[PDB]
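One structure is given here, and the rest of the page talks about it.
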Amino acid sequence: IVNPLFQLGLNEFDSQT
Amino acid sequence: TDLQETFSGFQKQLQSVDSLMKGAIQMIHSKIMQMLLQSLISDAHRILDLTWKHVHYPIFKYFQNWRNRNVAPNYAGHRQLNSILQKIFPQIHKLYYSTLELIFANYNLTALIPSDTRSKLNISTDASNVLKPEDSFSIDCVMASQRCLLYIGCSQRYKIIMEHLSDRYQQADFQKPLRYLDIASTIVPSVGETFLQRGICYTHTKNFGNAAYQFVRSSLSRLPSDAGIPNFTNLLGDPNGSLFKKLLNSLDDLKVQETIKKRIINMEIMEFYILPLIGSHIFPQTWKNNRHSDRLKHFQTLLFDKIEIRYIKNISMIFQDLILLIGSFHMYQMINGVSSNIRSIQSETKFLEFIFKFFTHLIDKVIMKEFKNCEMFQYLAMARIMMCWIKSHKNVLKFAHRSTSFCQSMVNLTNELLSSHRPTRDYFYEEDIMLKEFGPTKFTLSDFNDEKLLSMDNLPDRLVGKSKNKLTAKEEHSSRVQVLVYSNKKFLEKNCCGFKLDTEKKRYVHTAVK
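So the sequences go chain by chain: A and B.
Letter by letter, the first sequence follows residues 213 to 222, 232 to 238 of the UniProt record's numbering.
Letter by letter, the second sequence follows residues 7 to 23, 32 to 55, 77 to 107, 112 to 164, 170 to 383, 416 to 496, 507 to 600 of the UniProt record's numbering.
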């Protein structure tokens, strides 16, 4: 389920989500 | 399951154990090498972990215990047990390096690993031999390699300690294990244990700020070490921790040396004097009850003064201090738990206030004096890191938006930058590389849009700063300027301290409705 290698693929300052 | 039983047996065999001592190791190594062959021509990195835990670690531990018989001298002791050690160590080293050589001989790792990695390991050089970056097997191979580099590192550290006469160690004594650990961190930066072992090296040279920083990195990486917080705590939170007691001795040595202003002293003050400040926020009781407890205000004033007056030759340590501090806020939350009381909210708020005090000091006295500096990446990199951290946590964003000093500082910086949409780039910068898989910035600095990088060639090299398109230091500085103006404008958009863009001046000014 969890890949330990660095993955570049996956908020910018809004208080409200 | 059945595999676990086998390695437990290796351990028990060796516990019972001149020559037959080497013989036993050789037999066990022979079986393990065979498991690893069957695994590599998900078991691989697991086989190596059981190898360290059940075979190697218990051996190395025994040499430690015994070495500590010497120091509490035993001359005849030193060379004798150093003699039997040198009978065993080349085999241990071979078990791990064999596996590396095996791995690199069968498979091409260039889709996952920086190309120059083979070179760095002195490993010499089919279409299907190239591992695709998404297979389970490809992950297993890289993890196996990372383990080999990790346990070579630990073994090297252990050897150096035994090969040493005193507990005095100069800086470069651990250069060799640090190189292996550096490579291990590079290929899989998510693994906290690599940072932990690096920090352990720095405890020997009494670089306790470097140690604390590495301990923090080890606790907050995407796959953290369980020993991360215990070691951090042993250093900063446990009145009886061996590391803590040593820290206090270092603070003693520095106290009597504050009059000297050689660079080496300025640097050590910046490495050390932030420690009691962080310590007192996370572990308040520990730092109210020691001989340095009444010097807390002194630590901060001298730290801040050194930063203002001596940043030029010491900026690299100031950079480290920033990341340690950011990380330490999350150390605080893991160690002290979710805030609930009015008192626990205020304690947590007090730490955040100190952190932003550090930020504004950095901005006002350092970055503002160096925002044009194209030679040193650290100045604008520190600003990127602040913003990337702030955008990553709602509570931190809210505090920052309501901080008048911090908003004022970013306005001043942004206005200087403007006087000099989302930016892109072709590769990672120094600060990106350093913080890969760092939890507080969400594992990657997301101010740039690195969206397209994944569709570009030589991606592993790109993500370690290597590419055909390398920009001048100036261009890289220009790129940081753009991303900072962009992030700062997004941040300022909803600040609560009255700052707004004057659309005639095209600069940020302070406003009110009356």
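Positions of the beta carbon are idealized from the N, C-alpha and C atoms, including for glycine.
Taking 7 angstroms as the threshold (beta carbon to beta carbon), is residue i in contact with chain A?
i             : result
residue 467/B : yes
residue 183/B : yes
residue 234/B : yes
residue 193/B : no
residue 522/B : yes
residue 267/B : yes
Here's the rule I'm using: 16 or more other beta-carbon atoms within 10 Å means buried, otherwise exposed. How should residue i be labelled?
i             : result
residue 91/B  : buried
residue 1/B   : With chain B covering 7 to 600 only, the question about residue 1/B has no answer from this structure.
residue 312/B : buried
residue 582/B : exposed
residue 533/B : buried
residue 158/B : exposed
residue 221/A : exposed
residue 542/B : exposed
residue 122/B : exposed
residue 511/B : buried
residue 459/B : buried
residue 114/B : exposed
residue 27/B  : Between 23 and 32, chain B has no modelled residues, and residue 27/B is one of the positions in that gap.
residue 241/B : buried
residue 357/B : exposed
residue 300/B : exposed
Going straight from the alpha carbon of residue i to that of residue j, what length do you get?
i             : j             : result
residue 528/B : residue 102/B : 42 angstroms
residue 222/B : residue 594/B : 46 angstroms
residue 238/B : residue 590/B : 53 angstroms
residue 334/B : residue 324/B : 11 angstroms
residue 94/B  : residue 288/B : 27 angstroms
residue 243/B : residue 112/B : 28 angstroms
residue 517/B : residue 455/B : 11 angstroms
residue 34/B  : residue 120/B : 16 angstroms
residue 355/B : residue 558/B : 24 angstroms
residue 338/B : residue 473/B : 33 angstroms
residue 444/B : residue 555/B : 30 angstroms
residue 31/B  : residue 538/B : A gap in chain B, from 23 straight to 32, means residue 31/B has no coordinates in the model shown.
residue 451/B : residue 561/B : 11 angstroms
residue 267/B : residue 522/B : 12 angstroms
residue 213/A : residue 187/B : 15 angstroms
residue 326/B : residue 365/B : 16 angstroms
residue 545/B : residue 428/B : 37 angstroms
residue 160/B : residue 137/B : 12 angstroms
residue 553/B : residue 575/B : 30 angstroms
residue 78/B  : residue 17/B  : 19 angstroms
residue 208/B : residue 479/B : 51 angstroms
residue 341/B : residue 565/B : 39 angstroms
residue 254/B : residue 227/B : 18 angstroms
residue 203/B : residue 233/A : 48 angstroms
Taking 6 angstroms as the cut-off, is the C-beta of residue i nearer than that to any heavy atom in the ligand COA?
i             : result
residue 283/B : Although the ligand COA was asked about, the structure shown includes no ligands whatsoever.
Kindly indicate which residue of the options has the alpha-carbon position closest to the one of residue i.
i             : options                       : result
residue 580/B : 86/B, 176/B and 475/B         : 475/B
residue 276/B : 371/B, 182/B and 299/B        : 371/B
residue 468/B : 441/B, 416/B, 326/B and 374/B : 374/B
residue 127/B : 38/B, 298/B, 154/B and 171/B  : 38/B
residue 248/B : 200/B, 212/B, 543/B and 136/B : 212/B
residue 41/B  : 215/B, 13/B, 511/B and 537/B  : 13/B
residue 519/B : 20/B, 549/B, 196/B and 274/B  : 549/B
residue 131/B : 88/B, 107/B, 151/B and 383/B  : 88/B
residue 496/B : 453/B, 368/B and 447/B        : 447/B
residue 179/B : 380/B, 146/B, 160/B and 566/B : 146/B
residue 486/B : 376/B, 571/B and 457/B        : 571/B
residue 320/B : 307/B, 303/B and 292/B        : 292/B
residue 96/B  : 224/B, 568/B, 20/B and 151/B  : 20/B
residue 377/B : 260/B, 192/B and 553/B        : 260/B
residue 318/B : 84/B, 441/B, 182/B and 257/B  : 257/B
residue 189/B : 564/B, 84/B, 513/B and 273/B  : 84/B
residue 465/B : 299/B, 369/B and 587/B        : 369/B
residue 509/B : 525/B, 492/B and 563/B        : 563/B
Residues of the stretch 564-587 of chain B whose Cβ lies closer than 7 angstroms to any Cβ of chain A, in chain order: 576, 577, 579 and 580
Near-chain A residues of the stretch 531-543 of chain B - C-beta to any C-beta below 8 angstroms: 536, 539 and 540
Contacting positions in the stretch 471-486 of chain B - beta carbon closer than 8 angstroms to chain A: 473, 474 and 477
Interface positions of the stretch 136-161 of chain B facing chain A (Cβ-Cβ less than 8 angstroms), listed along the chain: 151
Residues of the stretch 543-556 of chain B whose Cβ lies closer than 7 angstroms to any Cβ of chain A, in chain order: 549
Residues from the stretch 298-309 of chain B in contact with chain A, defined by Cβ distance under 7 angstroms: none
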